[PDB]
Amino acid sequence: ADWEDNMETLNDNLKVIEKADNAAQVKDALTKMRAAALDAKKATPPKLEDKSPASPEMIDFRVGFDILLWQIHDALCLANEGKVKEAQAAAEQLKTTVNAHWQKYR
């Protein structure tokens, strides 16, 4: 898939967490988010489509997705312990990175 489909998947699952009721929906949505971030790691953002795949910008893109993946791991650890409200609070932080990375690499 392209980078934009993965962006849309992240946003949709973030809203799903925003509306979630129990811990299972949070776990499933954050797992889908992890998968979408791993997939987006293989994509080229539009702003970097004219750049070397070996450029430092591509490296920084991928390592930023690594940082996001580790924050997602933290949120998933919170959700696996049944912490619904804290998983949602942590996901509210994920949003400020997902939308930001969206606004820059657009």
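Note that residue numbering begins at 1 and tracks the sequence as displayed.
- Mean C-alpha B-factor is higher over 53-61 than over the other stretch, the pair under comparison being 30-38 and 53-61.
- When the C-alpha B-factors of 44-52 and 69-77 are averaged, 44-52 comes out higher.
- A90: CA B factor lies in the middle third for its chain, per the PDB record.
- Annotation for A20: CA B-factor lies in the highest third of the chain's modelled residues.
- When the modelled residues of the chain are ordered by their C-alpha B factor, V84 lands in the highest third.
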